[PDB]
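What follows is run.csv (CSV, C-alpha atoms).
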```csv
chain,number,residue,atom,x,y,z
A,2,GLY,CA,0.0,0.0,0.0
A,3,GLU,CA,1.1,3.6,-0.7
A,4,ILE,CA,0.4,4.7,2.9
A,5,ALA,CA,2.2,1.6,4.3
A,6,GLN,CA,5.2,2.3,1.9
A,7,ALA,CA,5.3,5.9,3.0
A,8,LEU,CA,5.5,4.9,6.6
A,9,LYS,CA,8.3,2.5,5.6
A,10,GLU,CA,10.1,5.6,4.2
A,11,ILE,CA,9.7,7.4,7.5
A,12,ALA,CA,11.2,4.3,9.3
A,13,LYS,CA,14.2,4.3,7.0
A,14,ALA,CA,14.7,8.1,7.5
A,15,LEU,CA,14.7,7.6,11.3
A,16,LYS,CA,17.4,5.0,10.8
A,17,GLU,CA,19.5,7.7,9.1
A,18,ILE,CA,19.0,9.9,12.2
A,19,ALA,CA,20.2,7.0,14.4
A,20,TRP,CA,23.3,6.6,12.2
A,21,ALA,CA,24.1,10.3,12.4
A,22,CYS,CA,23.9,10.2,16.2
A,23,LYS,CA,26.3,7.3,16.1
A,24,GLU,CA,28.6,9.6,14.1
A,25,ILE,CA,28.2,12.3,16.8
A,26,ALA,CA,29.2,9.7,19.4
A,27,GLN,CA,32.2,8.8,17.2
A,28,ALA,CA,33.3,12.5,16.9
A,29,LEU,CA,33.3,12.7,20.7
A,30,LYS,CA,35.5,9.6,20.8
B,2,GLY,CA,-2.0,-5.3,8.9
B,3,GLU,CA,0.5,-3.6,6.7
B,4,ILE,CA,-0.1,-0.1,8.2
B,5,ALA,CA,0.3,-1.5,11.7
B,6,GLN,CA,3.5,-3.3,10.7
B,7,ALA,CA,4.9,-0.2,9.1
B,8,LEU,CA,4.1,1.7,12.3
B,9,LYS,CA,5.9,-0.9,14.4
B,10,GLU,CA,8.9,-0.5,12.0
B,11,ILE,CA,8.9,3.2,12.9
B,12,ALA,CA,8.9,2.3,16.6
B,13,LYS,CA,11.8,0.0,16.0
B,14,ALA,CA,13.7,2.7,14.2
B,15,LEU,CA,13.1,5.1,17.0
B,16,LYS,CA,14.6,2.7,19.5
B,17,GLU,CA,17.7,2.7,17.3
B,18,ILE,CA,17.8,6.5,17.8
B,19,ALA,CA,17.5,6.0,21.6
B,20,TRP,CA,20.4,3.6,21.6
B,21,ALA,CA,22.6,5.9,19.5
B,22,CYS,CA,21.9,8.8,21.9
B,23,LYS,CA,23.0,6.5,24.8
B,24,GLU,CA,26.2,6.1,22.8
B,25,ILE,CA,26.5,9.9,22.8
B,26,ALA,CA,26.1,9.9,26.5
B,27,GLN,CA,28.8,7.2,26.9
B,28,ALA,CA,31.2,9.0,24.6
B,29,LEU,CA,30.8,12.1,26.8
B,30,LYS,CA,31.3,10.0,30.0
B,31,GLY,CA,34.6,8.6,28.6
C,2,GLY,CA,-6.9,-1.8,17.8
C,3,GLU,CA,-3.7,-2.9,16.0
C,4,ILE,CA,-3.0,0.6,14.6
C,5,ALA,CA,-3.6,2.3,18.0
C,6,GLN,CA,-1.4,-0.3,19.7
C,7,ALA,CA,1.4,0.3,17.2
C,8,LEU,CA,1.1,4.0,17.8
C,9,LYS,CA,1.5,3.4,21.5
C,10,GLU,CA,4.7,1.4,20.7
C,11,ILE,CA,5.9,4.6,18.9
C,12,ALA,CA,5.1,6.7,22.0
C,13,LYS,CA,7.0,4.2,24.2
C,14,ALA,CA,10.1,4.4,21.9
C,15,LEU,CA,10.0,8.2,21.9
C,16,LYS,CA,10.1,8.0,25.7
C,17,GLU,CA,13.3,5.9,25.4
C,18,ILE,CA,14.7,8.7,23.3
C,19,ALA,CA,13.8,11.2,26.0
C,20,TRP,CA,15.5,9.0,28.7
C,21,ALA,CA,18.6,8.7,26.5
C,22,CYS,CA,18.7,12.5,26.1
C,23,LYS,CA,18.5,12.8,29.9
C,24,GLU,CA,21.6,10.6,30.1
C,25,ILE,CA,23.4,12.9,27.8
C,26,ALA,CA,22.5,15.8,30.1
C,27,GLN,CA,23.7,13.8,33.1
C,28,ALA,CA,26.9,13.0,31.3
C,29,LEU,CA,27.5,16.7,30.7
C,30,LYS,CA,27.0,17.5,34.4
D,2,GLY,CA,-11.1,7.6,19.7
D,3,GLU,CA,-8.3,5.2,20.4
D,4,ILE,CA,-6.3,6.3,17.4
D,5,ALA,CA,-6.6,10.0,18.4
D,6,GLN,CA,-5.6,9.1,22.0
D,7,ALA,CA,-2.6,7.2,20.8
D,8,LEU,CA,-1.5,10.2,18.7
D,9,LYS,CA,-1.9,12.3,21.9
D,10,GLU,CA,0.4,9.9,23.7
D,11,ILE,CA,2.9,10.4,20.9
D,12,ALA,CA,2.7,14.2,21.4
D,13,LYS,CA,3.2,13.9,25.1
D,14,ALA,CA,6.3,11.7,24.6
D,15,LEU,CA,7.7,14.3,22.2
D,16,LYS,CA,7.3,16.9,24.9
D,17,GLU,CA,9.4,14.7,27.2
D,18,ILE,CA,12.1,14.7,24.5
D,19,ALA,CA,11.9,18.5,24.3
D,20,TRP,CA,12.2,18.7,28.1
D,21,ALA,CA,15.3,16.4,28.1
D,22,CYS,CA,16.9,18.7,25.5
D,23,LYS,CA,16.3,21.6,27.8
D,24,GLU,CA,18.1,19.6,30.4
D,25,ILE,CA,21.0,19.2,28.1
D,26,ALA,CA,21.1,23.0,27.6
D,27,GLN,CA,20.9,23.5,31.4
D,28,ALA,CA,23.8,21.0,31.8
D,29,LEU,CA,25.9,23.0,29.3
D,30,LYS,CA,25.1,26.2,31.3
D,31,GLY,CA,26.1,24.5,34.5
E,2,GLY,CA,-11.4,16.3,13.4
E,3,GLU,CA,-10.0,14.6,16.5
E,4,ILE,CA,-7.3,12.8,14.5
E,5,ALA,CA,-6.2,15.9,12.6
E,6,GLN,CA,-6.1,17.9,15.9
E,7,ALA,CA,-4.0,15.1,17.6
E,8,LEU,CA,-1.6,15.4,14.6
E,9,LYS,CA,-1.5,19.1,15.1
E,10,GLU,CA,-0.5,18.5,18.8
E,11,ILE,CA,2.3,16.3,17.6
E,12,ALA,CA,3.5,19.2,15.3
E,13,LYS,CA,3.3,21.6,18.3
E,14,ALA,CA,5.4,19.1,20.4
E,15,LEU,CA,8.0,18.9,17.6
E,16,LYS,CA,8.3,22.7,17.6
E,17,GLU,CA,9.0,22.4,21.4
E,18,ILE,CA,11.9,20.1,20.5
E,19,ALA,CA,13.2,22.6,17.9
E,20,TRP,CA,13.1,25.3,20.6
E,21,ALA,CA,15.0,23.2,23.1
E,22,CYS,CA,17.6,22.4,20.5
E,23,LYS,CA,18.0,26.2,19.9
E,24,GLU,CA,18.6,26.5,23.6
E,25,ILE,CA,21.3,23.9,23.3
E,26,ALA,CA,22.9,26.0,20.5
E,27,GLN,CA,22.7,29.1,22.6
E,28,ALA,CA,24.3,27.3,25.6
E,29,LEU,CA,27.3,26.3,23.4
E,30,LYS,CA,27.8,29.8,22.0
E,31,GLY,CA,27.8,31.1,25.6
F,2,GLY,CA,-7.4,17.3,3.3
F,3,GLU,CA,-7.5,18.1,7.0
F,4,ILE,CA,-5.4,15.1,8.0
F,5,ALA,CA,-3.0,15.7,5.1
F,6,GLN,CA,-2.5,19.4,6.1
F,7,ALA,CA,-1.8,18.3,9.7
F,8,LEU,CA,0.8,15.9,8.4
F,9,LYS,CA,2.3,18.8,6.4
F,10,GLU,CA,2.5,20.8,9.7
F,11,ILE,CA,4.4,17.9,11.2
F,12,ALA,CA,6.9,18.0,8.3
F,13,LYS,CA,7.4,21.8,8.7
F,14,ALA,CA,8.1,21.4,12.4
F,15,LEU,CA,10.6,18.6,11.7
F,16,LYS,CA,12.4,21.0,9.3
F,17,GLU,CA,12.5,23.5,12.2
F,18,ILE,CA,14.3,20.8,14.3
F,19,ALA,CA,16.8,20.3,11.4
F,20,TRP,CA,17.5,24.0,11.4
F,21,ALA,CA,18.0,24.1,15.2
F,22,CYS,CA,20.4,21.2,14.9
F,23,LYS,CA,22.3,23.2,12.2
F,24,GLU,CA,22.4,26.0,14.8
F,25,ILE,CA,24.0,23.6,17.2
F,26,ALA,CA,26.6,22.7,14.5
F,27,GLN,CA,27.2,26.5,14.0
F,28,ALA,CA,27.8,27.0,17.8
F,29,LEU,CA,30.4,24.2,17.9
F,30,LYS,CA,32.1,25.6,14.9
F,31,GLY,CA,32.2,29.1,16.3
G,2,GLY,CA,-2.5,10.0,-2.5
G,3,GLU,CA,-2.4,13.2,-0.5
G,4,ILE,CA,-1.9,11.5,2.8
G,5,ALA,CA,0.9,9.3,1.4
G,6,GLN,CA,2.6,12.3,-0.2
G,7,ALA,CA,2.3,14.1,3.2
G,8,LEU,CA,4.0,11.1,4.9
G,9,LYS,CA,6.7,11.3,2.2
G,10,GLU,CA,7.4,14.9,3.1
G,11,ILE,CA,7.7,13.8,6.7
G,12,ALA,CA,10.3,11.2,5.6
G,13,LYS,CA,12.2,13.9,3.7
G,14,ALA,CA,12.2,16.3,6.7
G,15,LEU,CA,13.5,13.5,8.9
G,16,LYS,CA,16.4,13.1,6.5
G,17,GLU,CA,17.2,16.8,6.9
G,18,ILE,CA,17.5,16.2,10.6
G,19,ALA,CA,19.9,13.3,9.9
G,20,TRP,CA,22.0,15.5,7.7
G,21,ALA,CA,22.0,18.3,10.3
G,22,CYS,CA,23.1,15.8,12.9
G,23,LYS,CA,26.0,14.8,10.7
G,24,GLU,CA,26.9,18.6,10.6
G,25,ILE,CA,27.0,18.4,14.4
G,26,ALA,CA,29.3,15.4,14.1
G,27,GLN,CA,31.6,17.1,11.6
G,28,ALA,CA,31.6,20.2,13.8
G,29,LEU,CA,32.9,18.1,16.7
G,30,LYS,CA,35.7,16.8,14.6
G,31,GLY,CA,36.8,20.3,13.8
```
Transcribe the structure of this file into structure tokens.
Amino acid sequence: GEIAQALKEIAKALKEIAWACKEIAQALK
Amino acid sequence: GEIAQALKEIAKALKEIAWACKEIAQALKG
Amino acid sequence: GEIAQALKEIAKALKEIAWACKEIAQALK
Amino acid sequence: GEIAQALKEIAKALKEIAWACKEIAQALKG
Amino acid sequence: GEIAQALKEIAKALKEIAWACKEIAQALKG
Amino acid sequence: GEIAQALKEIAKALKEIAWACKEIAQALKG
Amino acid sequence: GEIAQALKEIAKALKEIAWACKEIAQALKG
């Protein structure tokens, strides 16, 4: 479904935020 | 349902963000 | 309902993000 | 409605994240 | 509608997060 | 639609968070 | 659909936050 697939895109984008926060943690290291 | 399952995927992704922020906290503690 | 329950799972995860941000604050103190 | 109430729970959780971020700013101020 | 108004509350809560993040930025300049 | 427009407001608020995070980046670079 | 496209904007806005957070990470490296 198009609504389901759009929500799936939101989920993938949140994963990008998680990765970026891991990069922040790395910078502090 | 596919909408419900996609919403759960959002929830799972959000937990990944929480864990990453905990890594930020740890990085600041070390 | 399954949608409502999934939305509640999202609220719970957002609380986990809040708690993690509190740990960042504590780490800075 | 249960969907509306669940969305309100999401709004309240986001407010907790906002408050935590204010705690971070406070921590940086001392 | 109750669902639309709940979504609007989520938007308002996200703005609260943006403001808290601006406070973080202010704290770091100071 | 009323629900669609509320979702657009959520998107706009998320963009505000993105800008606040860029402000954090600016403060650290300063 | 208008709701689906609205959700897609939300996805794009979340990506902007991710990029902004990477700017924070880069700022910490500098």
Students should find that CA of residue 24 (chain E) and CA of residue 24 (chain D) are spaced 9.7 Å
Neighbours of chain A in chain G at 7 Å, counting only C-alpha atoms, as number ranges by chain: G: 5, 8-9, 11-12, 15-16, 18-19, 22-23, 25-26, 29-30
Could you take the residues named above and write them with C-alpha atoms, as a PDB file, in the frame of the given file?
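Contents of again.pdb, freshly written:
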```
ATOM      1  CA  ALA G   5       0.900   9.300   1.400  1.00  0.00           C
ATOM      2  CA  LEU G   8       4.000  11.100   4.900  1.00  0.00           C
ATOM      3  CA  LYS G   9       6.700  11.300   2.200  1.00  0.00           C
ATOM      4  CA  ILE G  11       7.700  13.800   6.700  1.00  0.00           C
ATOM      5  CA  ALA G  12      10.300  11.200   5.600  1.00  0.00           C
ATOM      6  CA  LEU G  15      13.500  13.500   8.900  1.00  0.00           C
ATOM      7  CA  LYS G  16      16.400  13.100   6.500  1.00  0.00           C
ATOM      8  CA  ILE G  18      17.500  16.200  10.600  1.00  0.00           C
ATOM      9  CA  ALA G  19      19.900  13.300   9.900  1.00  0.00           C
ATOM     10  CA  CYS G  22      23.100  15.800  12.900  1.00  0.00           C
ATOM     11  CA  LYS G  23      26.000  14.800  10.700  1.00  0.00           C
ATOM     12  CA  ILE G  25      27.000  18.400  14.400  1.00  0.00           C
ATOM     13  CA  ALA G  26      29.300  15.400  14.100  1.00  0.00           C
ATOM     14  CA  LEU G  29      32.900  18.100  16.700  1.00  0.00           C
ATOM     15  CA  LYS G  30      35.700  16.800  14.600  1.00  0.00           C
TER      16      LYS G  30
END
```
As an exercise, work out the distance from CA of residue 6 (chain G) to CA of residue 6 (chain F) in Å and give it to one decimal place.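 Separation of CA of residue 6 (chain G) and CA of residue 6 (chain F): 10.8 Å.
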Calculate how many Å separate CA of residue 20 (chain F) from CA of residue 10 (chain B), rounding to one decimal.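 That distance, rounded to one decimal, is 26.0 Å.
Once chain A is fitted onto chain C using all Cα atoms matched in sequence order, the root-mean-square deviation is 0.2 Å.
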Extract chain A from the structure I just pasted (atoms: C-alpha atoms) and return it as a CSV table (one decimal), in the first residue's frame.
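Result went into part-v5.csv, see below:
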```csv
chain,number,residue,atom,x,y,z
A,2,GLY,CA,0.0,0.0,0.0
A,3,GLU,CA,1.1,3.6,-0.7
A,4,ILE,CA,0.4,4.7,2.9
A,5,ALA,CA,2.2,1.6,4.3
A,6,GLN,CA,5.2,2.3,1.9
A,7,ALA,CA,5.3,5.9,3.0
A,8,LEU,CA,5.5,4.9,6.6
A,9,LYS,CA,8.3,2.5,5.6
A,10,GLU,CA,10.1,5.6,4.2
A,11,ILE,CA,9.7,7.4,7.5
A,12,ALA,CA,11.2,4.3,9.3
A,13,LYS,CA,14.2,4.3,7.0
A,14,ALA,CA,14.7,8.1,7.5
A,15,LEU,CA,14.7,7.6,11.3
A,16,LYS,CA,17.4,5.0,10.8
A,17,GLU,CA,19.5,7.7,9.1
A,18,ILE,CA,19.0,9.9,12.2
A,19,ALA,CA,20.2,7.0,14.4
A,20,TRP,CA,23.3,6.6,12.2
A,21,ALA,CA,24.1,10.3,12.4
A,22,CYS,CA,23.9,10.2,16.2
A,23,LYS,CA,26.3,7.3,16.1
A,24,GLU,CA,28.6,9.6,14.1
A,25,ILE,CA,28.2,12.3,16.8
A,26,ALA,CA,29.2,9.7,19.4
A,27,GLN,CA,32.2,8.8,17.2
A,28,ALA,CA,33.3,12.5,16.9
A,29,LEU,CA,33.3,12.7,20.7
A,30,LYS,CA,35.5,9.6,20.8
```
